[PDB]
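**Q** If you scroll down you'll find the structure; I have some questions about it.
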Amino acid sequence: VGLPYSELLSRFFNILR
Amino acid sequence: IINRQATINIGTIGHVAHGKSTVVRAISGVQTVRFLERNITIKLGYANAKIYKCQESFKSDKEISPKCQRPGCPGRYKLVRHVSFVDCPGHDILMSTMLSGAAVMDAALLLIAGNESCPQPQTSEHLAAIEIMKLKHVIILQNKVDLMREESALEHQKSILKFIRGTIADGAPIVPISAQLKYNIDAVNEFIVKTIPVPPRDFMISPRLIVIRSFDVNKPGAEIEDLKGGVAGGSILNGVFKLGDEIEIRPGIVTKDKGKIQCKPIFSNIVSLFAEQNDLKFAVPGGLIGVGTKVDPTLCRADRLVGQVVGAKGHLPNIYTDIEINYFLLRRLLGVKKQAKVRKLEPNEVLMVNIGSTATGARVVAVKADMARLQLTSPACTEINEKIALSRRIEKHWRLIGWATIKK
């Protein structure tokens, strides 16, 4: 299964100092 | 807020000075006691966590704090589940504590750092152990992600995926979260709600209790007579306890050191219970509770009784000296830095056999092809079949060989 992870990664990339 | 205690156990694995304690801290609020008198008895870590619902895109779910302010909604949270955390270190010398922790656990969390070495056998060994000890609920987590490049992390993830598919753990979720900068735990929380269910548990089956940690209540400040009873931190798998029952530590102890021994195991009654923060009445299994019994503050202090079975008055189990084990071997060895091949069993050699939680020395006498007869040095008890992991010696320290089951 490889579906709910990419979104999370994107979010992580977005929220940074 | 209602005082409903622990329901299911979740554990944490990794390496020394990597990031497990920090993760635990991030998860919880109140700081732990672990890491001679205070806490020092076993390498295992115990910490708690909160599952609170606030459902009234897709990823937002809940906040660890008692009152949520970060998303927007100021409403009061729904009580669903309260959980207890068991922290286990992955040091190359001590692993008995880790093994003990595993036996009580029903959920496993793998944590490996990003900005260090990638192929490590210890992690693989841990995974194998998890697979062995009746588990399918495996969650992979990445520790240090913030100090990493834009595609390197992705590559690492891909590699991990490639590695892990031909195992007992089928559909394992992989989440990258930071512990030092405090972000993205919402997803983890959501996953915790989603993937992990509750197995059936009832009053019918006879109680089984495992004590890992030991505590004494003596602190400087007050005068002469300001004493409290000895507290034993015991985690329960199945069997509900109420206030008013006799608790016994099974194997027993020597009374005089000449003179024959016939003294029964140590019996003790509960004085004061310690759960989550303070005192409670009922003991619902699936959590580590500091049961304060009539055991001495002088007895429970140091490395004397770590990871032993606890029974109750009314029901009687059995204690063995000669153990019967059916073995299954692996292809190539796990947890060695280069890989070595497994040899067949040889007579007259000291090997460590771990049954459930206990770390005991065993000697090989007679093996045909499947059955193995072993002689014990330190006392051990037998109930059903138990989760058995074998450890053999070739060079310096202990190495895993395979999984085992008791035939009776």
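In the structure tokens, the first chain shown is A, the next is B, and so on; residue numbers restart at 1 for each chain, and ligands run from 1 in the order shown.
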Per residue of chain B within 9 Å of chain A, which atom pair is closest and at what distance in Å (one decimal), using only C-alpha atoms, listed by chain and increasing number, as JSON lines?
**A**
```
{"residue": "B:59", "atom": "CA", "partner": "A:8", "partner_atom": "CA", "distance": 7.8}
{"residue": "B:146", "atom": "CA", "partner": "A:16", "partner_atom": "CA", "distance": 8.9}
{"residue": "B:150", "atom": "CA", "partner": "A:13", "partner_atom": "CA", "distance": 8.8}
{"residue": "B:170", "atom": "CA", "partner": "A:1", "partner_atom": "CA", "distance": 9.0}
{"residue": "B:171", "atom": "CA", "partner": "A:1", "partner_atom": "CA", "distance": 6.2}
{"residue": "B:172", "atom": "CA", "partner": "A:1", "partner_atom": "CA", "distance": 8.0}
{"residue": "B:173", "atom": "CA", "partner": "A:1", "partner_atom": "CA", "distance": 8.2}
{"residue": "B:174", "atom": "CA", "partner": "A:5", "partner_atom": "CA", "distance": 7.3}
{"residue": "B:175", "atom": "CA", "partner": "A:5", "partner_atom": "CA", "distance": 6.8}
{"residue": "B:176", "atom": "CA", "partner": "A:9", "partner_atom": "CA", "distance": 7.5}
{"residue": "B:177", "atom": "CA", "partner": "A:12", "partner_atom": "CA", "distance": 8.5}
{"residue": "B:183", "atom": "CA", "partner": "A:12", "partner_atom": "CA", "distance": 8.3}
{"residue": "B:184", "atom": "CA", "partner": "A:12", "partner_atom": "CA", "distance": 7.2}
{"residue": "B:187", "atom": "CA", "partner": "A:8", "partner_atom": "CA", "distance": 7.8}
```
**Q** Using C-alpha atoms, can you write the selected residues to a file as a PDB file, in the first residue's frame?
**A**
```pdb
ATOM      1  CA  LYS B  59      -4.929  14.931   8.173  1.00  0.00           C
ATOM      2  CA  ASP B 146      14.518  18.102   9.386  1.00  0.00           C
ATOM      3  CA  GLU B 150      15.031  17.217  -0.639  1.00  0.00           C
ATOM      4  CA  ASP B 170       1.807  -6.823   5.538  1.00  0.00           C
ATOM      5  CA  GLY B 171       0.414  -3.264   5.220  1.00  0.00           C
ATOM      6  CA  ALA B 172       2.769  -1.207   7.385  1.00  0.00           C
ATOM      7  CA  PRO B 173       2.248   2.605   7.395  1.00  0.00           C
ATOM      8  CA  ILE B 174       5.389   4.782   7.131  1.00  0.00           C
ATOM      9  CA  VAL B 175       5.219   8.306   8.642  1.00  0.00           C
ATOM     10  CA  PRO B 176       8.071  10.896   8.789  1.00  0.00           C
ATOM     11  CA  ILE B 177       7.839  13.058  11.964  1.00  0.00           C
ATOM     12  CA  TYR B 183       5.394  18.957  14.251  1.00  0.00           C
ATOM     13  CA  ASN B 184       3.239  16.473  12.240  1.00  0.00           C
ATOM     14  CA  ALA B 187      -1.068  12.191  11.383  1.00  0.00           C
TER      15      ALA B 187
END
```
**Q** What parts of stretch 112-159 of chain B does DSSP call helix (DSSP H, G or I)? I'd like the answer as a list in words.
**A** residues 121, 122, 123, 124, 125, 126, 127, 128, 129, 130, 131, 132, 152, 153, 154, 155, 156, 157, 158 and 159 of chain B
**Q** Since we have the selection now, will you write its residues out, keeping N, CA, C and O atoms, as a PDB file, in the first residue's frame?
**A**
```pdb
ATOM      1  N   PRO B 121      21.797  -4.009  11.018  1.00  0.00           N
ATOM      2  CA  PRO B 121      21.239  -5.327  11.263  1.00  0.00           C
ATOM      3  C   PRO B 121      20.393  -5.357  12.519  1.00  0.00           C
ATOM      4  O   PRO B 121      19.496  -6.179  12.598  1.00  0.00           O
ATOM      5  N   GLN B 122      20.685  -4.481  13.482  1.00  0.00           N
ATOM      6  CA  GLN B 122      19.974  -4.457  14.757  1.00  0.00           C
ATOM      7  C   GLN B 122      18.487  -4.195  14.546  1.00  0.00           C
ATOM      8  O   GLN B 122      17.640  -4.880  15.124  1.00  0.00           O
ATOM      9  N   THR B 123      18.197  -3.220  13.687  1.00  0.00           N
ATOM     10  CA  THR B 123      16.824  -2.860  13.349  1.00  0.00           C
ATOM     11  C   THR B 123      16.092  -4.055  12.741  1.00  0.00           C
ATOM     12  O   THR B 123      14.954  -4.357  13.117  1.00  0.00           O
ATOM     13  N   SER B 124      16.781  -4.741  11.827  1.00  0.00           N
ATOM     14  CA  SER B 124      16.235  -5.923  11.168  1.00  0.00           C
ATOM     15  C   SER B 124      15.899  -7.007  12.191  1.00  0.00           C
ATOM     16  O   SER B 124      14.823  -7.605  12.146  1.00  0.00           O
ATOM     17  N   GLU B 125      16.825  -7.209  13.127  1.00  0.00           N
ATOM     18  CA  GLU B 125      16.671  -8.180  14.204  1.00  0.00           C
ATOM     19  C   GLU B 125      15.423  -7.859  15.034  1.00  0.00           C
ATOM     20  O   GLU B 125      14.615  -8.743  15.336  1.00  0.00           O
ATOM     21  N   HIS B 126      15.287  -6.574  15.365  1.00  0.00           N
ATOM     22  CA  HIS B 126      14.157  -6.065  16.137  1.00  0.00           C
ATOM     23  C   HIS B 126      12.843  -6.375  15.419  1.00  0.00           C
ATOM     24  O   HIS B 126      11.878  -6.863  16.028  1.00  0.00           O
ATOM     25  N   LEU B 127      12.844  -6.097  14.115  1.00  0.00           N
ATOM     26  CA  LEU B 127      11.689  -6.323  13.253  1.00  0.00           C
ATOM     27  C   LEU B 127      11.293  -7.802  13.279  1.00  0.00           C
ATOM     28  O   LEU B 127      10.114  -8.145  13.427  1.00  0.00           O
ATOM     29  N   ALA B 128      12.308  -8.655  13.158  1.00  0.00           N
ATOM     30  CA  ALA B 128      12.130 -10.103  13.170  1.00  0.00           C
ATOM     31  C   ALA B 128      11.487 -10.551  14.479  1.00  0.00           C
ATOM     32  O   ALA B 128      10.541 -11.344  14.483  1.00  0.00           O
ATOM     33  N   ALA B 129      12.002 -10.000  15.577  1.00  0.00           N
ATOM     34  CA  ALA B 129      11.508 -10.293  16.917  1.00  0.00           C
ATOM     35  C   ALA B 129      10.028  -9.926  17.029  1.00  0.00           C
ATOM     36  O   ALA B 129       9.214 -10.711  17.538  1.00  0.00           O
ATOM     37  N   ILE B 130       9.705  -8.737  16.516  1.00  0.00           N
ATOM     38  CA  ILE B 130       8.339  -8.213  16.518  1.00  0.00           C
ATOM     39  C   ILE B 130       7.409  -9.173  15.759  1.00  0.00           C
ATOM     40  O   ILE B 130       6.318  -9.528  16.241  1.00  0.00           O
ATOM     41  N   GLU B 131       7.887  -9.606  14.595  1.00  0.00           N
ATOM     42  CA  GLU B 131       7.158 -10.528  13.730  1.00  0.00           C
ATOM     43  C   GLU B 131       6.864 -11.832  14.468  1.00  0.00           C
ATOM     44  O   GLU B 131       5.738 -12.337  14.424  1.00  0.00           O
ATOM     45  N   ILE B 132       7.892 -12.338  15.155  1.00  0.00           N
ATOM     46  CA  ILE B 132       7.795 -13.558  15.952  1.00  0.00           C
ATOM     47  C   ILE B 132       6.733 -13.449  17.065  1.00  0.00           C
ATOM     48  O   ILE B 132       5.861 -14.323  17.174  1.00  0.00           O
ATOM     49  N   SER B 152      16.816  12.833  -0.899  1.00  0.00           N
ATOM     50  CA  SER B 152      17.545  11.781  -0.189  1.00  0.00           C
ATOM     51  C   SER B 152      16.595  10.985   0.705  1.00  0.00           C
ATOM     52  O   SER B 152      16.627   9.752   0.714  1.00  0.00           O
ATOM     53  N   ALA B 153      15.738  11.711   1.419  1.00  0.00           N
ATOM     54  CA  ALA B 153      14.747  11.111   2.305  1.00  0.00           C
ATOM     55  C   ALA B 153      13.812  10.191   1.521  1.00  0.00           C
ATOM     56  O   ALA B 153      13.538   9.061   1.939  1.00  0.00           O
ATOM     57  N   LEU B 154      13.363  10.688   0.368  1.00  0.00           N
ATOM     58  CA  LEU B 154      12.483   9.944  -0.526  1.00  0.00           C
ATOM     59  C   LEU B 154      13.151   8.638  -0.965  1.00  0.00           C
ATOM     60  O   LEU B 154      12.535   7.566  -0.938  1.00  0.00           O
ATOM     61  N   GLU B 155      14.424   8.757  -1.341  1.00  0.00           N
ATOM     62  CA  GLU B 155      15.226   7.621  -1.775  1.00  0.00           C
ATOM     63  C   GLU B 155      15.310   6.568  -0.668  1.00  0.00           C
ATOM     64  O   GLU B 155      15.124   5.372  -0.911  1.00  0.00           O
ATOM     65  N   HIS B 156      15.561   7.052   0.548  1.00  0.00           N
ATOM     66  CA  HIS B 156      15.658   6.203   1.728  1.00  0.00           C
ATOM     67  C   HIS B 156      14.350   5.439   1.950  1.00  0.00           C
ATOM     68  O   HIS B 156      14.355   4.230   2.193  1.00  0.00           O
ATOM     69  N   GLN B 157      13.244   6.171   1.822  1.00  0.00           N
ATOM     70  CA  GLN B 157      11.903   5.614   1.974  1.00  0.00           C
ATOM     71  C   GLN B 157      11.677   4.490   0.958  1.00  0.00           C
ATOM     72  O   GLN B 157      11.185   3.409   1.303  1.00  0.00           O
ATOM     73  N   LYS B 158      12.072   4.770  -0.285  1.00  0.00           N
ATOM     74  CA  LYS B 158      11.954   3.819  -1.385  1.00  0.00           C
ATOM     75  C   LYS B 158      12.728   2.537  -1.068  1.00  0.00           C
ATOM     76  O   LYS B 158      12.220   1.424  -1.246  1.00  0.00           O
ATOM     77  N   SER B 159      13.951   2.730  -0.572  1.00  0.00           N
ATOM     78  CA  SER B 159      14.828   1.629  -0.206  1.00  0.00           C
ATOM     79  C   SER B 159      14.179   0.761   0.877  1.00  0.00           C
ATOM     80  O   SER B 159      14.175  -0.471   0.785  1.00  0.00           O
TER      81      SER B 159
END
```
**Q** So which residues touch residue B:357 within 10 Å, counting only C-alpha atoms, skipping near sequence neighbours fewer than 3 positions away, as a VMD selection string?
**A** chain B and resid 96 to 104 210 to 212 306 to 309 354 360 386 to 389
**Q** Take the residues that were just selected and, keeping N, CA and C atoms, output them as a compact mmCIF listing (two decimals), in the first residue's frame.
**A**
```txt
# COMPACT_ATOMS: atom_id res chain seq x y z
N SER B 96 17.44 -8.08 27.51
CA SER B 96 16.46 -8.84 28.30
C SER B 96 15.25 -7.97 28.63
N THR B 97 15.53 -6.73 29.04
CA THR B 97 14.49 -5.77 29.37
C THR B 97 13.60 -5.50 28.16
N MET B 98 14.24 -5.32 27.00
CA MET B 98 13.55 -5.09 25.74
C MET B 98 12.62 -6.26 25.42
N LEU B 99 13.14 -7.47 25.60
CA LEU B 99 12.40 -8.70 25.36
C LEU B 99 11.15 -8.75 26.25
N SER B 100 11.36 -8.41 27.53
CA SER B 100 10.29 -8.37 28.52
C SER B 100 9.19 -7.40 28.09
N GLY B 101 9.63 -6.22 27.65
CA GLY B 101 8.74 -5.17 27.16
C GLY B 101 7.89 -5.67 26.01
N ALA B 102 8.56 -6.35 25.07
CA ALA B 102 7.91 -6.94 23.91
C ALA B 102 6.73 -7.86 24.30
N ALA B 103 6.90 -8.73 25.30
CA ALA B 103 5.86 -9.68 25.73
C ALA B 103 4.52 -9.03 26.12
N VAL B 104 4.58 -7.86 26.76
CA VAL B 104 3.39 -7.12 27.20
C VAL B 104 2.79 -6.29 26.05
N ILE B 210 3.14 -9.65 35.20
CA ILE B 210 4.60 -9.56 35.03
C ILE B 210 5.12 -8.25 35.64
N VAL B 211 6.04 -8.38 36.59
CA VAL B 211 6.68 -7.22 37.24
C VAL B 211 8.06 -6.98 36.63
N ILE B 212 8.25 -5.79 36.06
CA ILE B 212 9.51 -5.40 35.42
C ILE B 212 10.35 -4.50 36.35
N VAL B 306 14.31 -9.12 38.38
CA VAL B 306 13.90 -8.34 37.21
C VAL B 306 13.22 -9.27 36.19
N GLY B 307 11.94 -8.99 35.92
CA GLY B 307 11.15 -9.75 34.95
C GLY B 307 10.77 -11.14 35.41
N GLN B 308 9.87 -11.21 36.40
CA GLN B 308 9.38 -12.48 36.94
C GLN B 308 7.85 -12.54 36.98
N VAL B 309 7.32 -13.75 36.87
CA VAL B 309 5.86 -14.00 36.86
C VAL B 309 5.22 -13.85 38.25
N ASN B 354 15.54 -17.45 26.16
CA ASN B 354 14.59 -16.47 26.68
C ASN B 354 13.14 -16.91 26.45
N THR B 360 17.56 -16.61 31.18
CA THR B 360 18.11 -17.78 31.89
C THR B 360 19.13 -18.55 31.04
N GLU B 386 4.04 -19.67 25.65
CA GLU B 386 4.91 -18.47 25.75
C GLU B 386 5.65 -18.08 24.46
N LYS B 387 6.08 -16.81 24.40
CA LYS B 387 6.80 -16.26 23.25
C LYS B 387 8.31 -16.43 23.47
N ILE B 388 8.90 -17.38 22.75
CA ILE B 388 10.29 -17.81 23.00
C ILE B 388 11.26 -17.36 21.90
N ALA B 389 12.33 -16.69 22.32
CA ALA B 389 13.43 -16.29 21.44
C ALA B 389 14.76 -16.86 21.95
```
**Q** Taking only C-alpha atoms into account, which of B:106, B:245, B:216, B:279 comes nearest residue B:301?
**A**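 Ranked by minimum distance to residue B:301, first place goes to B:216.
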**Q** Write out as an MDAnalysis selection string the residues lying within 8 Å of stretch 362-375 of chain B, counting only C-alpha atoms and excluding same-chain residues fewer than 4 positions away.
**A** chainID B and resid 321:328 346:353
**Q** Write a file of the selected residues as a PDB file, in the first residue's frame, keeping N, CA, C and O atoms.
**A**
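That gives us result35.pdb:
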```
ATOM      1  N   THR B 321      12.272 -27.262  36.115  1.00  0.00           N
ATOM      2  CA  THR B 321      13.745 -27.227  36.092  1.00  0.00           C
ATOM      3  C   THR B 321      14.306 -27.779  34.774  1.00  0.00           C
ATOM      4  O   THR B 321      15.313 -27.273  34.262  1.00  0.00           O
ATOM      5  N   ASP B 322      13.656 -28.821  34.248  1.00  0.00           N
ATOM      6  CA  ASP B 322      13.952 -29.372  32.922  1.00  0.00           C
ATOM      7  C   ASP B 322      12.883 -28.929  31.923  1.00  0.00           C
ATOM      8  O   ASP B 322      11.702 -29.265  32.069  1.00  0.00           O
ATOM      9  N   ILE B 323      13.314 -28.168  30.917  1.00  0.00           N
ATOM     10  CA  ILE B 323      12.408 -27.568  29.921  1.00  0.00           C
ATOM     11  C   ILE B 323      12.447 -28.264  28.559  1.00  0.00           C
ATOM     12  O   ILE B 323      13.507 -28.713  28.106  1.00  0.00           O
ATOM     13  N   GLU B 324      11.278 -28.343  27.925  1.00  0.00           N
ATOM     14  CA  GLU B 324      11.101 -28.993  26.625  1.00  0.00           C
ATOM     15  C   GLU B 324      10.769 -27.949  25.556  1.00  0.00           C
ATOM     16  O   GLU B 324       9.785 -27.212  25.684  1.00  0.00           O
ATOM     17  N   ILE B 325      11.600 -27.890  24.512  1.00  0.00           N
ATOM     18  CA  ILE B 325      11.495 -26.862  23.463  1.00  0.00           C
ATOM     19  C   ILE B 325      11.610 -27.454  22.050  1.00  0.00           C
ATOM     20  O   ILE B 325      12.528 -28.230  21.762  1.00  0.00           O
ATOM     21  N   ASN B 326      10.651 -27.091  21.195  1.00  0.00           N
ATOM     22  CA  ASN B 326      10.701 -27.359  19.756  1.00  0.00           C
ATOM     23  C   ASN B 326      11.264 -26.131  19.033  1.00  0.00           C
ATOM     24  O   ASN B 326      10.757 -25.017  19.213  1.00  0.00           O
ATOM     25  N   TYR B 327      12.308 -26.335  18.225  1.00  0.00           N
ATOM     26  CA  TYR B 327      13.034 -25.222  17.591  1.00  0.00           C
ATOM     27  C   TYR B 327      12.824 -25.093  16.078  1.00  0.00           C
ATOM     28  O   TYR B 327      12.610 -26.089  15.380  1.00  0.00           O
ATOM     29  N   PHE B 328      12.889 -23.850  15.599  1.00  0.00           N
ATOM     30  CA  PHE B 328      12.908 -23.527  14.169  1.00  0.00           C
ATOM     31  C   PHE B 328      14.083 -22.593  13.871  1.00  0.00           C
ATOM     32  O   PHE B 328      14.232 -21.546  14.512  1.00  0.00           O
ATOM     33  N   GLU B 346      25.422 -28.097  18.959  1.00  0.00           N
ATOM     34  CA  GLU B 346      26.489 -28.943  19.494  1.00  0.00           C
ATOM     35  C   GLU B 346      26.265 -29.231  20.987  1.00  0.00           C
ATOM     36  O   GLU B 346      25.849 -28.331  21.726  1.00  0.00           O
ATOM     37  N   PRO B 347      26.532 -30.485  21.432  1.00  0.00           N
ATOM     38  CA  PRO B 347      26.383 -30.842  22.854  1.00  0.00           C
ATOM     39  C   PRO B 347      27.422 -30.183  23.770  1.00  0.00           C
ATOM     40  O   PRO B 347      28.543 -29.900  23.332  1.00  0.00           O
ATOM     41  N   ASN B 348      27.023 -29.954  25.026  1.00  0.00           N
ATOM     42  CA  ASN B 348      27.858 -29.349  26.084  1.00  0.00           C
ATOM     43  C   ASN B 348      28.389 -27.935  25.778  1.00  0.00           C
ATOM     44  O   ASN B 348      29.594 -27.737  25.567  1.00  0.00           O
ATOM     45  N   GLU B 349      27.470 -26.967  25.750  1.00  0.00           N
ATOM     46  CA  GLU B 349      27.797 -25.544  25.563  1.00  0.00           C
ATOM     47  C   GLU B 349      26.736 -24.635  26.199  1.00  0.00           C
ATOM     48  O   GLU B 349      25.535 -24.920  26.119  1.00  0.00           O
ATOM     49  N   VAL B 350      27.197 -23.547  26.820  1.00  0.00           N
ATOM     50  CA  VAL B 350      26.331 -22.587  27.523  1.00  0.00           C
ATOM     51  C   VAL B 350      25.632 -21.656  26.524  1.00  0.00           C
ATOM     52  O   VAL B 350      26.290 -20.921  25.777  1.00  0.00           O
ATOM     53  N   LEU B 351      24.300 -21.708  26.519  1.00  0.00           N
ATOM     54  CA  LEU B 351      23.463 -20.881  25.639  1.00  0.00           C
ATOM     55  C   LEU B 351      22.300 -20.254  26.411  1.00  0.00           C
ATOM     56  O   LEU B 351      21.762 -20.870  27.338  1.00  0.00           O
ATOM     57  N   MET B 352      21.914 -19.038  26.020  1.00  0.00           N
ATOM     58  CA  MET B 352      20.847 -18.298  26.706  1.00  0.00           C
ATOM     59  C   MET B 352      19.495 -18.462  26.006  1.00  0.00           C
ATOM     60  O   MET B 352      19.339 -18.108  24.833  1.00  0.00           O
ATOM     61  N   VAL B 353      18.528 -19.009  26.743  1.00  0.00           N
ATOM     62  CA  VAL B 353      17.174 -19.243  26.232  1.00  0.00           C
ATOM     63  C   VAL B 353      16.192 -18.310  26.945  1.00  0.00           C
ATOM     64  O   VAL B 353      16.039 -18.371  28.170  1.00  0.00           O
TER      65      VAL B 353
END
```
**Q** Distance atom CA of residue B:139-atom CA of residue B:109, one decimal place?
**A** 5.1 Å
**Q** Got a sec to tell me which of stretch 190-408 of chain B DSSP assigns to strand (DSSP E), as an MDAnalysis selection string?
**A** chainID B and resid 208:215 231:238 246:249 267:274 287:293 308:312 318:334 350:355 358:367 371:382 388:393 398:405
**Q** Go ahead and save the residues from that selection, with C-alpha atoms, as a compact mmCIF listing (two decimals), in the first residue's frame.
**A**
```
# COMPACT_ATOMS: atom_id res chain seq x y z
CA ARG B 208 -1.24 -13.44 34.87
CA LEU B 209 1.01 -10.56 35.97
CA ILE B 210 4.60 -9.56 35.03
CA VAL B 211 6.68 -7.22 37.24
CA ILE B 212 9.51 -5.40 35.42
CA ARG B 213 10.41 -2.43 37.68
CA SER B 214 10.93 -2.06 41.46
CA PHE B 215 10.58 1.07 43.63
CA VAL B 231 6.08 -0.37 45.32
CA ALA B 232 6.38 -2.99 42.56
CA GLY B 233 5.71 -1.84 38.97
CA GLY B 234 3.73 -4.68 37.39
CA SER B 235 2.16 -4.83 33.93
CA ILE B 236 -0.87 -7.06 33.22
CA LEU B 237 -1.72 -8.97 30.00
CA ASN B 238 -4.96 -10.72 31.08
CA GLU B 246 -2.97 -11.74 47.87
CA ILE B 247 -0.13 -11.21 45.35
CA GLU B 248 2.84 -13.63 45.17
CA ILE B 249 6.20 -13.67 43.34
CA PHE B 267 3.17 -13.47 49.64
CA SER B 268 2.08 -9.80 49.85
CA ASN B 269 -1.15 -7.78 50.14
CA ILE B 270 -1.80 -4.46 48.31
CA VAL B 271 -1.39 -1.29 50.43
CA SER B 272 -1.51 1.58 47.87
CA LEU B 273 -1.95 1.59 44.07
CA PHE B 274 -0.20 4.00 41.68
CA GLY B 287 -0.85 -1.21 31.27
CA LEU B 288 2.06 -0.90 33.70
CA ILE B 289 0.74 -0.21 37.23
CA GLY B 290 2.99 0.48 40.24
CA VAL B 291 1.33 -1.92 42.70
CA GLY B 292 2.45 -1.02 46.25
CA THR B 293 2.39 -4.28 48.22
CA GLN B 308 9.38 -12.48 36.94
CA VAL B 309 5.86 -14.00 36.86
CA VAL B 310 3.24 -13.05 39.48
CA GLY B 311 0.23 -15.16 40.52
CA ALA B 312 -2.72 -14.90 42.92
CA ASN B 318 3.68 -25.09 37.87
CA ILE B 319 7.46 -24.51 38.21
CA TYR B 320 9.99 -26.42 36.04
CA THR B 321 13.74 -27.23 36.09
CA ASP B 322 13.95 -29.37 32.92
CA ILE B 323 12.41 -27.57 29.92
CA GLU B 324 11.10 -28.99 26.62
CA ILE B 325 11.50 -26.86 23.46
CA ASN B 326 10.70 -27.36 19.76
CA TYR B 327 13.03 -25.22 17.59
CA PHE B 328 12.91 -23.53 14.17
CA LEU B 329 16.14 -22.26 12.56
CA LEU B 330 16.86 -19.28 10.28
CA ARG B 331 19.03 -19.19 7.10
CA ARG B 332 21.63 -16.52 8.01
CA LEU B 333 22.32 -14.71 11.32
CA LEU B 334 20.67 -11.45 12.46
CA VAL B 350 26.33 -22.59 27.52
CA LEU B 351 23.46 -20.88 25.64
CA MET B 352 20.85 -18.30 26.71
CA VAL B 353 17.17 -19.24 26.23
CA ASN B 354 14.59 -16.47 26.68
CA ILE B 355 11.06 -17.69 27.52
CA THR B 358 13.11 -14.22 31.75
CA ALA B 359 16.83 -14.33 30.87
CA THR B 360 18.11 -17.78 31.89
CA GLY B 361 21.13 -19.97 31.07
CA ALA B 362 20.51 -23.40 29.51
CA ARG B 363 22.68 -26.44 28.67
CA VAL B 364 22.09 -28.80 25.70
CA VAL B 365 21.98 -32.58 26.40
CA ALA B 366 19.93 -34.49 23.77
CA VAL B 367 18.55 -33.26 20.41
CA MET B 371 12.90 -31.63 20.11
CA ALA B 372 15.42 -30.11 22.56
CA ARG B 373 16.06 -30.94 26.23
CA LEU B 374 17.64 -28.18 28.35
CA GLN B 375 18.94 -27.90 31.94
CA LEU B 376 18.25 -24.67 33.91
CA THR B 377 20.43 -22.85 36.48
CA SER B 378 18.05 -20.09 37.70
CA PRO B 379 14.31 -20.83 38.47
CA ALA B 380 11.57 -20.50 35.81
CA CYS B 381 7.79 -21.15 35.58
CA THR B 382 5.61 -22.58 32.76
CA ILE B 388 10.29 -17.81 23.00
CA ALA B 389 13.43 -16.29 21.44
CA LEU B 390 16.75 -18.20 21.41
CA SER B 391 20.22 -16.64 21.79
CA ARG B 392 23.56 -18.36 21.01
CA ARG B 393 27.24 -17.40 21.44
CA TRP B 398 24.82 -12.70 22.41
CA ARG B 399 23.32 -13.40 18.95
CA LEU B 400 19.81 -14.48 17.84
CA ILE B 401 19.26 -17.77 15.93
CA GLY B 402 15.47 -18.34 15.58
CA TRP B 403 12.01 -18.87 17.13
CA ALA B 404 10.71 -21.62 19.47
CA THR B 405 7.52 -23.23 20.89
```
